[PDB]
Amino acid sequence: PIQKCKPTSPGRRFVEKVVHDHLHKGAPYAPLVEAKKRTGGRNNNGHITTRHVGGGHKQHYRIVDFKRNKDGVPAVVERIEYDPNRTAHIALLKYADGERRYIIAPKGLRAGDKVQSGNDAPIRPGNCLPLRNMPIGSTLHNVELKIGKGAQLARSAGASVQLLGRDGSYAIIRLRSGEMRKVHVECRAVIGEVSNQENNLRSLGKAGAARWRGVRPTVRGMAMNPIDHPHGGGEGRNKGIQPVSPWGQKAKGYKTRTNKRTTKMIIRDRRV
RNA sequence: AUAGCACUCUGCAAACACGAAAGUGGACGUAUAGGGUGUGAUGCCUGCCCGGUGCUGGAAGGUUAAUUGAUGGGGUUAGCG
């Protein structure tokens, strides 16, 4: 419902939050949770490789089944839960044989629904099937690129691709970036679209909200000295240069794709 | 610096960064995500110019490297003298 907070303080004047009343309010399912440590954007040499990372709240990792390799055994949804590691919600599945797992929750899925995976699964949201058995024109998510590896494409909140055609050994899908590409017909996908589609409606409101999520301040290159950045130096404000990164790579329009091995998989570019 | 705004890059063995390499961060994330650049709550808004430099897409005409080696010109000596 996108609730706006009342302007009781200047830090609250501009807070837009998203509320979903159906999320489970207790602790997560313990056998499927494991520890996760903060990195600070540093690698095994100890140097910073990604800037603006650090701090934030402590988080546990939820083990999510991306492979969906329990074929033919129906499962029932127990609850929908909030996951701090991603923007989508997750669903807890209880199988007819007692095993419990976590999956990315499709939009509309509620406690009590039934899901399945395999060649013979019926066409209902949350069911996992090979693309060869998927009806043409379907809206899908959680698309797998290598046989047996699991879902890699269209996993974020509100994400969807759609299947325009299938011929030979390759199905044609269009992605949310606007791109056409082919996928092997034996790779799997899931029926429907990802939940939490209102995720991008939130307004943080203040700097502390970004600090809670673990983002450190960005300093403009214009604000430094020549020894630090190509944009540095000068008396007063002055750009006087075509924009580049701290390492000298142009920032407006210059393309960076280099891989020559997957080029034959891409039919139509989205005007990169 | 900041929440907000915009441009641009990146289809995943991602772009990008560290490192001589192996490898590591990005991220046990997947375009509602991640990196770079500028502006800076909010209200009203944000005009003209693509000639220059840059970027993006074209063309197969001119010019041009390694490589290849067609012809031509010298040195030497069998022989003729």
Side-chain angles (χ1 to χ4, degrees), chain A residues 7 10-16 18 34-53 59-64 66 83-88 104 107 141-146 149-161 173-183 193-213 215-223 229-231 237 239-259 261-263 265-272:
Chain A
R12 301 276 294 183
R13 186 175 283 278
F14 300 110
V15 172
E16 265 319 346
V18 316
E34 62 171 24
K36 210 183 58 160
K37 321 296 216 153
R38 301 181 182 98
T39 296
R42 289 137 162 96
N43 80 335
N44 58 351
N45 294 335
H47 299 148
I48 288 164
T49 65
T50 302
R51 308 182 302 163
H52 319 136
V53 179
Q59 296 174 330
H60 288 336
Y61 182 71
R62 274 79 168 165
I63 297 159
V64 174
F66 288 114
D83 187 351
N85 301 283
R86 69 195 69 256
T87 52
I104 299 292
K107 154 177 157 270
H141 69 278
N142 264 29
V143 193
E144 139 181 296
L145 286 171
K146 300 182 165 181
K149 188 185 180 167
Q152 296 188 264
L153 308 190
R155 319 197 313 199
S156 72
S160 47
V161 315
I173 71 171
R174 186 192 10 61
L175 297 166
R176 218 158 61 157
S177 56
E179 171 171 318
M180 285 330 294
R181 79 167 275 158
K182 324 197 327 311
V183 202
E193 67 301 299
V194 183
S195 70
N196 200 33
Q197 100 193 354
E198 308 157 55
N199 154 254
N200 48 356
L201 302 186
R202 64 194 326 130
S203 172
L204 297 174
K206 53 168 201 175
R211 303 303 300 273
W212 303 336
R213 294 166 198 269
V215 181
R216 295 193 84 249
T218 295
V219 179
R220 291 168 293 114
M222 249 177 93
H229 200 285
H231 289 191
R237 290 180 188 122
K239 308 204 177 148
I241 201 190
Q242 180 78 219
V244 294
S245 76
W247 307 277
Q249 177 162 90
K250 276 161 161 132
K252 303 280 175 164
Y254 173 83
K255 293 166 171 203
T256 58
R257 188 197 157 83
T258 278
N259 192 351
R261 146 179 67 85
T262 66
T263 297
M265 285 306 75
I266 299 168
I267 303 141
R268 180 209 47 150
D269 193 64
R270 44 92 184 185
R271 315 302 105 72
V272 295

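Just so we're on the same page: letters track the sequence lines, and every chain starts at 1. Side-chain atoms are counted along with the backbone in the values below, which use heavy atoms only and exclude waters and symmetry mates.
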Requested in this report: For nucleotides B:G26 and B:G11, find the distance between their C1' atoms and express it as a whole number of Å.
Outcome: 16 Å
Query - A:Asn196-A:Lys107 side chain donor-acceptor pair, cut-off 3.5 Å - result: no
Query raised in the report: Picking from B:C18, B:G29, B:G11, which would you name as closest to the side chain of A:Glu179?
Result: B:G11
Query raised in the report: Do the non-hydrogen side-chain atoms of A:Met222 and A:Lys239 ever get within less than 4.5 Å of each other?
Result: yes
Query - Side-chain N or O of A:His52 closer than 4.0 Å to phosphate OP1/OP2 of B:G34 - result: no
**Report entry** Phosphate OP1/OP2 of B:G57: any A:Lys255 side-chain N/O under 4.0 Å
**Finding:** yes
Requested in this report: For B:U8, take OP1 and OP2 only and decide whether either is under 4.0 Å from a side-chain N or O of A:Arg271.
Outcome: no
Query raised in the report: Between B:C28, B:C16, B:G36, which one does the side chain of A:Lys36 approach most closely?
Result: B:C28
Query raised in the report: Using a cut-off of less than 4.0 Å, is there contact between a side-chain N or O of A:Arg176 and OP1 or OP2 of B:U32?
Result: yes
Report summary line: Among the nucleotides B:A31, B:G36, B:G26, whichever has the atom closest to the side chain of A:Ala159 is B:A31
Query raised in the report: What distance, rounded to whole Å, do you find between the two P atoms, one in B:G73 and one in B:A78?
Result: 24 Å
Requested in this report: Check whether any side-chain nitrogen or oxygen of A:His231 sits under 4.0 Å from OP1 or OP2 of B:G36, and answer yes or no.
Outcome: no
Query raised in the report: Closer than 4.0 Å, any side-chain N/O of A:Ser156 to the OP1 or OP2 of B:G29?
Result: no
Requested in this report: Determine the Euclidean distance between corresponding P atoms of B:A3 and B:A33; express it in Å to zero decimal places.
Outcome: 15 Å
Requested in this report: Evaluate whether the aromatic ring of A:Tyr61 and the six-membered ring of the B:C28 base sit under 5.5 Å apart, centre to centre, with an inclination under 30°.
Outcome: yes
Report task. Inspect the surroundings of CZ in A:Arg12 and state if more than 12 heavy atoms from other residues, nucleotides or ligands are less than 6.0 Å away. Result -> no
Requested in this report: Using the P atom on both, measure B:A14 against B:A27 and round to a whole Å.
Outcome: 12 Å
Report task. Taking only the side-chain heavy atoms of A:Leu145 (C-beta and beyond), determine which of B:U24, B:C12, B:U32 contains the nearest atom. Result -> B:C12
Query - A:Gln242 side chain near B:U53 phosphate (N/O to OP1/OP2, under 4.0 Å) - result: no
Query - P gap between B:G58 and B:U10, integer Å - result: 15 Å
Query raised in the report: Considering only B:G23, B:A17, B:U30, which nucleotide approaches the side chain of A:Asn44 most closely?
Result: B:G23
Report task. Give the nucleotide from the list B:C55, B:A17, B:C9 with an atom nearest to the side chain of A:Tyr254. Result -> B:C55
Query raised in the report: B:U30 phosphate, OP1 or OP2: any side-chain N/O from A:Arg86 under 4.0 angstrom?
Result: yes
Query raised in the report: Taking the side chain of A:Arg155 as its heavy atoms from C-beta onward, which of B:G36, B:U2, B:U30 lies nearest to it?
Result: B:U30
Query - Pair A:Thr262, A:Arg257: side-chain N/O donor-acceptor within cut-off below 3.5 Å - result: yes
Query - Side-chain N,O (A:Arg220) to OP1/OP2 (B:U39) below 4.0 Å - result: yes
Query raised in the report: Is the number of heavy atoms from other residues, nucleotides or ligands under 6.0 Å of A:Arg271 CZ greater than 12?
Result: yes
Query raised in the report: At under 4.0 Å, does any side-chain N or O of A:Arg257 touch on OP1 or OP2 of B:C12?
Result: yes
Report task. Taking only the side-chain heavy atoms of A:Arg270 (C-beta and beyond), determine which of B:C18, B:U10, B:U37 contains the nearest atom. Result -> B:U10
Query raised in the report: Any N or O donor-acceptor pair linking the side chain of A:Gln152 to the base of B:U30 at under 3.5 Å?
Result: yes
Query raised in the report: Which listed nucleotide (B:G11, B:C16, B:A1) is nearest to the side chain of A:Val219?
Result: B:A1
**Report entry** Heavy-atom closest contact (A:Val244 atom, A:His231 atom, distance)
**Finding:** N-NE2, 3.2 Å
Requested in this report: Could you tell me whether B:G25 and B:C16 make a Watson-Crick or G-U wobble pair, using a cut-off of under 3.5 Å for both distances?
Outcome: yes
Query raised in the report: Taking the same atom, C1', in B:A6 and in B:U46, what whole-Å distance lies between them?
Result: 12 Å
Query raised in the report: What is the base-pairing partner of B:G61, counting Watson-Crick and G-U wobble geometry with both distances under 3.5 Å?
Result: none
Query raised in the report: Does OP1 or OP2 of B:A13 have a side-chain N or O of A:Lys149 closer than 4.0 Å?
Result: yes
Query raised in the report: Taking atom types as modelled, is there a side-chain donor on A:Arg176 or A:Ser156 under 3.5 Å from an acceptor on the other?
Result: yes
Requested in this report: Using a 3.5 Å upper limit on both distances, decide if B:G23 and B:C18 constitute a Watson-Crick or G-U wobble pair.
Outcome: yes
Query raised in the report: Are B:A17 and B:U24 base-paired in the Watson-Crick or G-U wobble sense, both distances less than 3.5 Å?
Result: yes
Requested in this report: Return no unless some side-chain N or O of A:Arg12 is found under 4.0 Å from OP1 or OP2 of B:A3.
Outcome: no
Report task. Would you mind telling me which of B:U32, B:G36, B:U37 lies closest to the side-chain atoms of A:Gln197? Result -> B:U32
